[PDB]
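Only one chain comes next, encoded as structure tokens, the form deposited in one PDB entry.
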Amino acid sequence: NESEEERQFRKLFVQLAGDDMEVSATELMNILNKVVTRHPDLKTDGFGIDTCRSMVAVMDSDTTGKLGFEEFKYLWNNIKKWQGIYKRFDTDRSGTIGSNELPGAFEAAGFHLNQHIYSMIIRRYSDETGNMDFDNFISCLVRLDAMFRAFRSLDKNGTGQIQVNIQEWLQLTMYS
């Protein structure tokens, strides 16, 4: 079954929503920021409400703005893996990851794109100096993962392509 980090988590869920076992985006925020931001080997103020809302959004296929526990376990897992990666690259523990290392970071993450997408991603999620922080690194990975998966989902047979109508599109990109 599940594990010690999870049951401890399941705990917080029960107390918060009994048999509903779902969490709000702001509830999610409080939880994770009691866990990720509190360690001397990772400089971060934690995740922000917008980062959390996007987490709930990409993980919630019922349109209720509530994150389910099974979904949260999946998410946490990814967050722990990407957590390790962020440490491997925040060398001076500066709080961010240099603009030149990021491409290798996303690649250590399994996401193989091209120098242009990162020259789109970096520019889109970094601060003005060109560097990304823990919050944004995670935030960006959640979506890359979300959209990788959606693509697989709408491509049952494995044709390297998907077709979508205006309705499917607005849902796929609005709720994220």
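Think of the rigid core as the biggest set of C-alphas that the two forms share within 1.5 Å after superposition. The first residue of the shown sequence is 1; numbering continues from there.
Another form, the form deposited in another entry, is not on view; read the next lines as being about it.
*asked:* My question is whether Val164 is one of the residues whose C-alpha shifts by 2 Å or more between this form and the one not shown, given a fit on the rigid core.
replied: Result for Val164: no, shift under 2 Å.
*asked:* Given a superposition on the rigid core, I'd like a yes or no on whether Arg93 shifts its C-alpha by 2 Å or more between this form and the one not shown.
replied: After core superposition, the C-alpha of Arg93 moves 2 Å or more between this form and the one not shown.
*After fitting the rigid core, is the C-alpha of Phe137 off by 2 Å or more between this form and the one not shown?*
No, because once the rigid core is superposed, the C-alpha of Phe137 moves less than 2 Å between this form and the one not shown.
*Could you tell me whether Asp133 and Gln8 have their C-alpha atoms closer or farther apart in the other form than in the shown form, knowing the shift is 3 angstroms or more?*
More distant in the other form, by 3 Å or more.
*Quick one: in the other form, is the Cα gap between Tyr74 and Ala17 smaller or bigger than here? Answer closer or farther; it shifts by 3 Å or more.*
The answer is closer, because the C-alphas of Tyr74 and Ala17 approach each other in the other form by 3 Å or more.
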